[PDB]
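The structure appears right after this line, and notes come after that.
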Amino acid sequence: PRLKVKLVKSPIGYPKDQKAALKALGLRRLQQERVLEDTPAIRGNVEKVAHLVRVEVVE
Amino acid sequence: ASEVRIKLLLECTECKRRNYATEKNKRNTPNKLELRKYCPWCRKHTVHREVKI
Amino acid sequence: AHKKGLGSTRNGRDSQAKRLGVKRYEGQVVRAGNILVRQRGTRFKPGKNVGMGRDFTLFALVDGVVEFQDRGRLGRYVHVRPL
Amino acid sequence: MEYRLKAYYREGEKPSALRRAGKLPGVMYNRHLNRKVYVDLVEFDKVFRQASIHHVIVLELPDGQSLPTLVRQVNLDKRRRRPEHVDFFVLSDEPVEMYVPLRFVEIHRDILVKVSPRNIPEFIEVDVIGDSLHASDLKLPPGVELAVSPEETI
Amino acid sequence: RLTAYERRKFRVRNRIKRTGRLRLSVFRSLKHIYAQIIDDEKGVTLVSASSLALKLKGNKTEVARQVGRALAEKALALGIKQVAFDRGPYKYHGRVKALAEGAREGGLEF
Amino acid sequence: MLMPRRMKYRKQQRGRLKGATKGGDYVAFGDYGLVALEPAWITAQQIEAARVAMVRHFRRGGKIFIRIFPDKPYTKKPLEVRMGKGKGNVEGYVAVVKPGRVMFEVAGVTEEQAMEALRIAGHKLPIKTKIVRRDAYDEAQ
RNA sequence: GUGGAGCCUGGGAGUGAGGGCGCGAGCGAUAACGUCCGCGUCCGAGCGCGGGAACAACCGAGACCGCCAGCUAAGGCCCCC
RNA sequence: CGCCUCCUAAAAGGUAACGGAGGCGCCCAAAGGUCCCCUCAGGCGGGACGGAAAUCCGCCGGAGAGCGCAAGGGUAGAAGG
RNA sequence: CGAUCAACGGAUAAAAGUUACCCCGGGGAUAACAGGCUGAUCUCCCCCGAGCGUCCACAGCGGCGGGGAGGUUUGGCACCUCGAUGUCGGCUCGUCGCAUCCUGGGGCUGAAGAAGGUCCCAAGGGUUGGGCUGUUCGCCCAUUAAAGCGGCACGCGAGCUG
RNA sequence: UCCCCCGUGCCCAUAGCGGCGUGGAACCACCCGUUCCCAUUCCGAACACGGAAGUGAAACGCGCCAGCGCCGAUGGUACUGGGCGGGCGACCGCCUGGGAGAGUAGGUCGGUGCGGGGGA
Ligand SMILES: [Mg+2]
Ligand SMILES: [Mg+2]
Ligand SMILES: [Mg+2]
Ligand SMILES: [Mg+2]
Ligand SMILES: [Mg+2]
Ligand SMILES: [Mg+2]
Ligand SMILES: [Mg+2]
Ligand SMILES: [Mg+2]
Ligand SMILES: [Mg+2]
Ligand SMILES: [Mg+2]
Ligand SMILES: [Mg+2]
Ligand SMILES: [Mg+2]
Ligand SMILES: [Mg+2]
Ligand SMILES: [Mg+2]
Ligand SMILES: [Mg+2]
Ligand SMILES: [Mg+2]
Ligand SMILES: [Mg+2]
Ligand SMILES: [Mg+2]
Ligand SMILES: [Mg+2]
Ligand SMILES: [Mg+2]
Ligand SMILES: [Mg+2]
Ligand SMILES: [Mg+2]
Ligand SMILES: [Mg+2]
Ligand SMILES: [Mg+2]
Ligand SMILES: [Mg+2]
Ligand SMILES: [Mg+2]
Ligand SMILES: [Mg+2]
Ligand SMILES: [Mg+2]
Ligand SMILES: [Mg+2]
Ligand SMILES: [Mg+2]
Ligand SMILES: [Mg+2]
Ligand SMILES: [Mg+2]
Ligand SMILES: [Mg+2]
Ligand SMILES: [Mg+2]
Ligand SMILES: [Mg+2]
Ligand SMILES: [Mg+2]
Ligand SMILES: [Mg+2]
Ligand SMILES: [Mg+2]
Ligand SMILES: [Mg+2]
Ligand SMILES: [Mg+2]
Ligand SMILES: [Mg+2]
Ligand SMILES: [Mg+2]
Ligand SMILES: [Mg+2]
Ligand SMILES: [Mg+2]
Ligand SMILES: [Mg+2]
Ligand SMILES: [Mg+2]
Ligand SMILES: [Mg+2]
Ligand SMILES: [Mg+2]
Ligand SMILES: [Mg+2]
Ligand SMILES: [Mg+2]
Ligand SMILES: [Mg+2]
Ligand SMILES: [Mg+2]
Ligand SMILES: [Mg+2]
Ligand SMILES: [Mg+2]
Ligand SMILES: [Mg+2]
Ligand SMILES: [Mg+2]
Ligand SMILES: [Mg+2]
Ligand SMILES: [Mg+2]
Ligand SMILES: [Mg+2]
Ligand SMILES: [Mg+2]
Ligand SMILES: [Mg+2]
Ligand SMILES: [Mg+2]
Ligand SMILES: [Mg+2]
Ligand SMILES: [Mg+2]
Ligand SMILES: [Mg+2]
Ligand SMILES: [Mg+2]
Ligand SMILES: [Mg+2]
Ligand SMILES: [Mg+2]
Ligand SMILES: [Mg+2]
Ligand SMILES: [Mg+2]
Ligand SMILES: [Mg+2]
Ligand SMILES: [Mg+2]
Ligand SMILES: [Mg+2]
Ligand SMILES: [Mg+2]
Ligand SMILES: [Mg+2]
Ligand SMILES: [Mg+2]
Ligand SMILES: [Mg+2]
Ligand SMILES: [Mg+2]
Ligand SMILES: [Mg+2]
Ligand SMILES: [Mg+2]
Ligand SMILES: [Mg+2]
Ligand SMILES: [Mg+2]
Ligand SMILES: [Mg+2]
Ligand SMILES: [Mg+2]
Ligand SMILES: [Mg+2]
Ligand SMILES: [Mg+2]
Ligand SMILES: [Mg+2]
Ligand SMILES: [Mg+2]
Ligand SMILES: [Mg+2]
Ligand SMILES: [Mg+2]
Ligand SMILES: [Mg+2]
Ligand SMILES: [Mg+2]
Ligand SMILES: [Mg+2]
Ligand SMILES: [Mg+2]
Ligand SMILES: [Mg+2]
Ligand SMILES: [Mg+2]
Ligand SMILES: [Mg+2]
Ligand SMILES: [Mg+2]
Ligand SMILES: [Mg+2]
Ligand SMILES: [Mg+2]
Ligand SMILES: [Mg+2]
Ligand SMILES: [Mg+2]
Ligand SMILES: [Mg+2]
Ligand SMILES: [Mg+2]
Ligand SMILES: [Mg+2]
Ligand SMILES: [Mg+2]
Ligand SMILES: [Mg+2]
Ligand SMILES: [Mg+2]
Ligand SMILES: [Mg+2]
Ligand SMILES: [Mg+2]
Ligand SMILES: [Mg+2]
Ligand SMILES: [Mg+2]
Ligand SMILES: [Mg+2]
Ligand SMILES: [Mg+2]
Ligand SMILES: [Mg+2]
Ligand SMILES: [Mg+2]
Ligand SMILES: [Mg+2]
Ligand SMILES: [Mg+2]
Ligand SMILES: [Mg+2]
Ligand SMILES: [Mg+2]
Ligand SMILES: [Mg+2]
Ligand SMILES: [Mg+2]
Ligand SMILES: [Mg+2]
Ligand SMILES: [Mg+2]
Ligand SMILES: [Mg+2]
Ligand SMILES: [Mg+2]
Ligand SMILES: [Mg+2]
Ligand SMILES: [Mg+2]
Ligand SMILES: [Mg+2]
Ligand SMILES: [Mg+2]
Ligand SMILES: [Mg+2]
Ligand SMILES: [Mg+2]
Ligand SMILES: [Mg+2]
Ligand SMILES: [Mg+2]
Ligand SMILES: [Mg+2]
Ligand SMILES: [Mg+2]
Ligand SMILES: [Mg+2]
Ligand SMILES: [Mg+2]
Ligand SMILES: [Mg+2]
Ligand SMILES: [Mg+2]
Ligand SMILES: [Mg+2]
Ligand SMILES: [Mg+2]
Ligand SMILES: [Mg+2]
Ligand SMILES: [Mg+2]
Ligand SMILES: [Mg+2]
Ligand SMILES: [Mg+2]
Ligand SMILES: [Mg+2]
Ligand SMILES: [Mg+2]
Ligand SMILES: [Mg+2]
Ligand SMILES: [Mg+2]
Ligand SMILES: [Mg+2]
Ligand SMILES: [Mg+2]
Ligand SMILES: [Mg+2]
Ligand SMILES: [Mg+2]
Ligand SMILES: [Mg+2]
Ligand SMILES: [Mg+2]
Ligand SMILES: [Mg+2]
Ligand SMILES: [Mg+2]
Ligand SMILES: [Mg+2]
Ligand SMILES: [Mg+2]
Ligand SMILES: [Mg+2]
Ligand SMILES: [Mg+2]
Ligand SMILES: [Mg+2]
Ligand SMILES: [Mg+2]
Ligand SMILES: [Mg+2]
Ligand SMILES: [Mg+2]
Ligand SMILES: [Mg+2]
Ligand SMILES: [Mg+2]
Ligand SMILES: [Mg+2]
Ligand SMILES: [Mg+2]
Ligand SMILES: [Mg+2]
Ligand SMILES: [Mg+2]
Ligand SMILES: [Mg+2]
Ligand SMILES: [Mg+2]
Ligand SMILES: [Mg+2]
Ligand SMILES: [Mg+2]
Ligand SMILES: [Mg+2]
Ligand SMILES: [Mg+2]
Ligand SMILES: [Mg+2]
Ligand SMILES: [Mg+2]
Ligand SMILES: [Mg+2]
Ligand SMILES: [Mg+2]
Ligand SMILES: [Mg+2]
Ligand SMILES: [Mg+2]
Ligand SMILES: [Zn+2]
């Protein structure tokens, strides 16, 4: 499957490692949506910013 | 070092070059030091005597 | 405006930090001469292909891979495994 | 003795959830078994306040078993002064170490004793600045072992 | 609580093991003497020799020298050449010393 | 009043007051006890005030147990000085007391007498307190 | 993991008075818009924008330009509004 | 006011204040190299002078002794004698 | 090999003071006034009831301890002001707070009356003239219903004094 | 292969301390001696050599016993990375992931590698 990830809450005011996680996922703007592979590596970064993000399992 | 604990040179008894610096306590060991030591000039071990530094 | 007299401290001193500790961890590739451990006393003991300097410093004798080993009352050992 | 108390089984139900709904989380165990249980707090409180760790409590399990237990451990919540957890020790034929109350005919309310479960007493009589006795000299009603050191001061 | 006997045995052996050579260990009883060459890395014995196995009797020292020769004979045959002599709790003297002499005589290197 | 007979170190850093008491949370000796509801540094003079209150209520009767000891040095700079120039002088001793701690216990006195005594004692303390009675819960610990 | 990532060589700098807040300690008085460090953050340089009556650093959010279009965030929905 | 040790220091390293505590500015010709051998303090019991404590004997005693000097680390399977 | 170059990365081989006779360049990066933050100390109010009060804890008192309020004291801190915020007291001129000195209204009293003590309500008005000291304050004299205590940049020097 | 003994390792007290019991053909120890090698700050105690009458008393090996020591869950709790709230504060609470220490049940009077000697 794949993880569809949506930035819904600004990284401003949050630790830099959390900002870097967004960048690893390729999330640059609010409300932006990205579909990534459900690998353990990608999953770790999604879960790091779980408080900033909305995730839906797709296909 | 101190007044009692002095610095000193070791002179090769054969060719007379000083080859080593070291120290001793001249109250504990008032005799001039004599030690076998490799002498770089003579290229062999030689008795070395204490000499004033 | 009254400025009442103050005393002082006899304590201000402390010494430079010595950066002690393990410098190479298990599974790390090291070259002969590499320092593995900086320590005070034999907190860690030398094992296979590991030497100890005058100040208890552990280092590698051969090119190899570092391995640690806990041996209870015998103590803790750092080895180097040839590659 | 003796007292009876309803008990139930649990698995993955959260301890905080159980306690919030008036239930006391617990475990019952011995050499042969170990089970995650819970009892009703207000009911347990009624029994334990008389049973304590001195007298037998029979757990009527939902599966019909009526198991003989001693309370071995009660973890309190230091802040609120309320029990958080109970340890029910399942009795069987083998001898058990336990505390048995003392009646003076006092540094020790009770005494530690290795007694067979069949033979569990409910009393031990002690005949009565700063004179005192040392457990060694005690009554000892048959099937009972001093589980301390006779040096111990009562 | 350790005995001076054990401490001595631990002390000379520990020093020996560090060199990493095969360990020619020697046991000396009131009647007999035993020798086994040991790989401490594998914890395995490669070759052995003893007065008891060779059924020798006589002067204990002369017997020691012989079991030494015996050990070396089997030793070189297996390709073994170098070794570290482990006197353990024993002084380097007499029976133990004679055995070492026999092993050297036989062609062992140490 | 109470203080350490001798010490390894004269001054201690202030530190923290997080959490419930480590222990001392159950009745150990007497029949009735006073338990703390809030964290504080309880002073030696506070402890002695509470004790002597209890002592007077009993007309020297009964037994009083004090289950906290002031071993923490309390330091204060002299009046009207400036910051710096080293740590202030030790001026007293306190006992760190966290919620749930049994500070005092009494025994050998009537329930009415213990309750009132422990109430008067509570009034000498800079924290909210509770009066408790020995329980099976206590004796089980 | 392709990012105004990273590494190497060299040209140009500026900076070397910080500050508020959260958490962890020391000093202080379990004082200070107090002081000294640590991890983080924001203001600094975002005194641009919404909310908080007003208000650098609290909450929301990173302003390329235009629109008399739409959805939301904190916060709000009795009138001022 | 330089240097050493411990803590502060937030379980890698590093980390401040006129924060909490100490020490160094020497020493050793054996207190250095190597080989061989040896094992402590303390406790009870026993023993002329002889004591709390001199030296002698026995039992127990894994390290609480010792390692020139502060502190820490290390250490009798010795670095101690 | 000669450094307490110990201010220990060590300005010269070689060095102490005073300035109210002072000067310039700077700083509110840093003190003194005032404000601010804080409230240790200060002023005031409470909680507890050991004791006092011949008897009687609470008329009047309140051991040891506990909790607060205020921001008039001394301070802590160094945040606007050092291209200037004139710094004590007095005089004049007010104005406000109330934790009330007097006058008005009360409860309790260990209130017979009269006169007092204590607490509650009350800020409308009032709250003297002198001797000493720069003094604020204080003590004193003679009175008085009383001779209140604090804020206003320790109110007020583009209003005076000095 | 299985049992015993002798060496020698490994795990590092579940192996230890104590209380019992057991073993001498073999092996090992003590033992018999101190001429010889070697040895004692004195001592053949130790180290060492030459032995083989005796005993398993000591030591060692092997069994038993849970008094001590040592090990030690499950359950629950403390604390906490990350995400959120509350309190004037001292401090408190919720979510998700991690999760002790103490104590309770209980367990242990060792396990195993290589070589040698003996026995079935
Ligand atoms: Mg945000
Ligand atoms: Mg934000
Ligand atoms: Mg946020
Ligand atoms: Mg966050
Ligand atoms: Mg990170
Ligand atoms: Mg955006
Ligand atoms: Mg978008
Ligand atoms: Mg992470
Ligand atoms: Mg030299
Ligand atoms: Mg010398
Ligand atoms: Mg030489
Ligand atoms: Mg030359
Ligand atoms: Mg000389
Ligand atoms: Mg001032
Ligand atoms: Mg002033
Ligand atoms: Mg000083
Ligand atoms: Mg340093
Ligand atoms: Mg340090
Ligand atoms: Mg390390
Ligand atoms: Mg070396
Ligand atoms: Mg491994
Ligand atoms: Mg362990
Ligand atoms: Mg290895
Ligand atoms: Mg029923
Ligand atoms: Mg209770
Ligand atoms: Mg209850
Ligand atoms: Mg028990
Ligand atoms: Mg022969
Ligand atoms: Mg022989
Ligand atoms: Mg050997
Ligand atoms: Mg502090
Ligand atoms: Mg205090
Ligand atoms: Mg303090
Ligand atoms: Mg200070
Ligand atoms: Mg202080
Ligand atoms: Mg406490
Ligand atoms: Mg109170
Ligand atoms: Mg009650
Ligand atoms: Mg690129
Ligand atoms: Mg960039
Ligand atoms: Mg860049
Ligand atoms: Mg340029
Ligand atoms: Mg600059
Ligand atoms: Mg600078
Ligand atoms: Mg700076
Ligand atoms: Mg910064
Ligand atoms: Mg800073
Ligand atoms: Mg700074
Ligand atoms: Mg802050
Ligand atoms: Mg917070
Ligand atoms: Mg600190
Ligand atoms: Mg600041
Ligand atoms: Mg602050
Ligand atoms: Mg602070
Ligand atoms: Mg910051
Ligand atoms: Mg700037
Ligand atoms: Mg911003
Ligand atoms: Mg920014
Ligand atoms: Mg702004
Ligand atoms: Mg503005
Ligand atoms: Mg700005
Ligand atoms: Mg705004
Ligand atoms: Mg606004
Ligand atoms: Mg604002
Ligand atoms: Mg802004
Ligand atoms: Mg601000
Ligand atoms: Mg928020
Ligand atoms: Mg952004
Ligand atoms: Mg932009
Ligand atoms: Mg944009
Ligand atoms: Mg809409
Ligand atoms: Mg909304
Ligand atoms: Mg309006
Ligand atoms: Mg409006
Ligand atoms: Mg409207
Ligand atoms: Mg660290
Ligand atoms: Mg480093
Ligand atoms: Mg000094
Ligand atoms: Mg030395
Ligand atoms: Mg020597
Ligand atoms: Mg004696
Ligand atoms: Mg004599
Ligand atoms: Mg020691
Ligand atoms: Mg000293
Ligand atoms: Mg000097
Ligand atoms: Mg300098
Ligand atoms: Mg100079
Ligand atoms: Mg310097
Ligand atoms: Mg330096
Ligand atoms: Mg010069
Ligand atoms: Mg000169
Ligand atoms: Mg000069
Ligand atoms: Mg001059
Ligand atoms: Mg002048
Ligand atoms: Mg003049
Ligand atoms: Mg002039
Ligand atoms: Mg003049
Ligand atoms: Mg001039
Ligand atoms: Mg001039
Ligand atoms: Mg001038
Ligand atoms: Mg000027
Ligand atoms: Mg100027
Ligand atoms: Mg300033
Ligand atoms: Mg400056
Ligand atoms: Mg100033
Ligand atoms: Mg002035
Ligand atoms: Mg000022
Ligand atoms: Mg100023
Ligand atoms: Mg002013
Ligand atoms: Mg000021
Ligand atoms: Mg101003
Ligand atoms: Mg205040
Ligand atoms: Mg206040
Ligand atoms: Mg105050
Ligand atoms: Mg009040
Ligand atoms: Mg009365
Ligand atoms: Mg009376
Ligand atoms: Mg008073
Ligand atoms: Mg107070
Ligand atoms: Mg207050
Ligand atoms: Mg107060
Ligand atoms: Mg003010
Ligand atoms: Mg002030
Ligand atoms: Mg500052
Ligand atoms: Mg100015
Ligand atoms: Mg101007
Ligand atoms: Mg101007
Ligand atoms: Mg001007
Ligand atoms: Mg002007
Ligand atoms: Mg001025
Ligand atoms: Mg006025
Ligand atoms: Mg009023
Ligand atoms: Mg009136
Ligand atoms: Mg009136
Ligand atoms: Mg009258
Ligand atoms: Mg009247
Ligand atoms: Mg009245
Ligand atoms: Mg009025
Ligand atoms: Mg007025
Ligand atoms: Mg006149
Ligand atoms: Mg006048
Ligand atoms: Mg006057
Ligand atoms: Mg004034
Ligand atoms: Mg005056
Ligand atoms: Mg009147
Ligand atoms: Mg007047
Ligand atoms: Mg003022
Ligand atoms: Mg004025
Ligand atoms: Mg004025
Ligand atoms: Mg003027
Ligand atoms: Mg004026
Ligand atoms: Mg003017
Ligand atoms: Mg003006
Ligand atoms: Mg004048
Ligand atoms: Mg004039
Ligand atoms: Mg064996
Ligand atoms: Mg092995
Ligand atoms: Mg036996
Ligand atoms: Mg037997
Ligand atoms: Mg035996
Ligand atoms: Mg035999
Ligand atoms: Mg026989
Ligand atoms: Mg002879
Ligand atoms: Mg035996
Ligand atoms: Mg056991
Ligand atoms: Mg026993
Ligand atoms: Mg445990
Ligand atoms: Mg658990
Ligand atoms: Mg958590
Ligand atoms: Mg958190
Ligand atoms: Mg959690
Ligand atoms: Mg969890
Ligand atoms: Mg878990
Ligand atoms: Mg555990
Ligand atoms: Mg406990
Ligand atoms: Mg349990
Ligand atoms: Mg068993
Ligand atoms: Mg065992
Ligand atoms: Mg074994
Ligand atoms: Mg067995
Ligand atoms: Mg074995
Ligand atoms: Mg075998
Ligand atoms: Mg066989
Ligand atoms: Mg066979
Ligand atoms: Zn020469």
Side-chain angles (χ1 to χ4, degrees), chain D residues 1 3-10 13-30 33-92 96-102 109-113 115 117 120-124, chain F residues 20 25-28 30-33 35 37 100 102 105 107 110-112 114-115 130-141:
Chain D
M1 336 207 254
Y3 303 85
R4 308 177 59 89
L5 194 268
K6 275 147 64 193
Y8 313 101
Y9 286 121
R10 50 177 187 104
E13 292 99 358
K14 278 177 170 181
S16 71
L18 265 322
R19 263 179 295 249
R20 203 184 302 112
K23 311 304 181 183
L24 175 51
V27 59
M28 67 179 201
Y29 50 75
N30 65 0
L33 66 88
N34 191 289
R35 286 306 294 277
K36 285 192 305 181
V37 299
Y38 77 85
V39 299
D40 175 76
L41 188 274
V42 349
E43 289 185 23
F44 167 83
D45 171 80
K46 220 108 256 221
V47 178
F48 183 72
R49 274 175 137 77
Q50 292 136 359
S52 161
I53 64 168
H54 302 149
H55 310 284
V56 188
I57 288 169
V58 193
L59 300 177
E60 309 178 345
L61 273 50
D63 63 12
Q65 292 184 65
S66 269
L67 294 191
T69 70
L70 264 200
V71 159
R72 256 295 160 69
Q73 219 190 63
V74 186
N75 290 0
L76 276 33
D77 171 75
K78 316 189 149 66
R79 190 180 290 282
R80 302 163 161 74
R81 198 156 181 283
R82 295 169 56 172
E84 304 175 331
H85 193 266
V86 276
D87 291 62
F88 293 114
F89 186 25
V90 171
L91 259 0
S92 143
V96 61
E97 295 199 340
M98 71 174 281
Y99 293 76
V100 194
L102 261 63
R109 289 258 149 52
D110 52 14
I111 202 81
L112 181 75
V113 153
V115 54
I120 303 176
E122 80 121 37
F123 238 23
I124 283 187
Chain F
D25 64 326
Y26 51 87
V27 183
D31 306 316
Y32 294 95
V35 45
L37 292 175
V102 169
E105 299 179 12
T110 103
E111 180 177 29
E112 183 230 45
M115 287 268 289
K130 185 162 53 194
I131 308 183
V132 298
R133 166 198 284 167
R134 202 174 54 251
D135 285 6
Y137 295 97
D138 301 317
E139 293 180 41
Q141 307 303 286

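Just so you know, these numbers use all the heavy atoms, side chains as well, and skip hydrogens, waters and symmetry mates. Order of the sequence lines fixes the chain letters, A, B, ..., with proteins taken first and strands second; residue numbering starts at 1 for each chain.
Counting only heavy atoms from C-beta outward, the side chains of F/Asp25 and D/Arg79 never approach each other to under 4.5 Å. With contacts defined as side-chain heavy-atom distances shorter than 4.5 Å, the pair D/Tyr9/D/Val37 qualifies. Taking the side chain as every heavy atom from C-beta outward, D/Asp40 and D/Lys23 approach each other to under 4.5 Å. At a threshold of 4.5 Å between non-hydrogen side-chain atoms, the residues D/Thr69 and D/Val90 count as touching.
Atom CG of D/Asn30 is separated from atom CG of D/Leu91 by 8.5 Å, given to the nearest 0.5 angstrom. If you take CZ on D/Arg81 and OH on F/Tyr26, they are separated by 12.5 Å, rounding to the nearest 0.5 Å. In this structure, the separation between CG on D/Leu59 and CG on D/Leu5 is 6.5 Å, given to the nearest 0.5 Å. Rounding to the nearest 0.5 Å gives a distance of 11.5 Å between CE of D/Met1 and CD1 of D/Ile57. With rounding to the nearest 0.5 angstrom, the CD atom of F/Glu139 is 8.5 Å from the CD1 atom of D/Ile53. Note: D/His55 NE2 to D/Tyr99 OH = 15.5 Å, rounded to the nearest 0.5 Å.
With respect to F/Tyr32, the side chain to side chain donor-acceptor pair (under 3.5 Å) criterion is satisfied by exactly one of F/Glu111, F/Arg134, F/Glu105: F/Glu111.
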D/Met28/D/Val86 under side chain to side chain contact (heavy atoms under 4.5 Å, CB included): CA gap, chis, key distance, verdict
CA-CA 8 Å; D/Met28 67 179 201; D/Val86 276; over 6 Å; no
Apply the test side-chain hydrogen bond (donor to acceptor under 3.5 Å, both in side chains) to residues D/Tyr29 and D/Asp87: give CA-CA distance (whole Å), side-chain angles for both, the deciding distance (0.1 Å), then the verdict.
CA-CA 8 Å; D/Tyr29 50 75; D/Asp87 291 62; 3.0 Å; yes
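For the residue pair D/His85 and D/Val27, the shortest heavy atom distance occurs at CE1-CG1, 3.6 Å. Smallest separation of non-hydrogen atoms from D/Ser92 and D/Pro117: O-CG, 2.9 Å. Nearest heavy atoms, D/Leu24 versus D/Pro83: CD1-O, 3.6 Å. Looking at every heavy atom in both residues, D/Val100 comes nearest to D/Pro121 through CG1-CG, 3.7 Å. Considering every non-hydrogen atom in both D/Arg4 and D/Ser66, the closest pair reads NH2-OG, 3.2 Å. Shortest non-hydrogen contact noted between D/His54 and D/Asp110 is NE2-OD2, 2.9 Å.
Ring centers of D/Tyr3 and D/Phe48: at least 6.0 Å apart, outside the cut-off.
Listed for the D/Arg72 side chain is no donor-acceptor partner under 3.5 Å among the backbone atoms of D/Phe88.
A salt bridge between D/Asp45 and D/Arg82 is absent, with no side-chain N of the basic residue lying under 4.0 Å from a carboxylate O of the acidic one.
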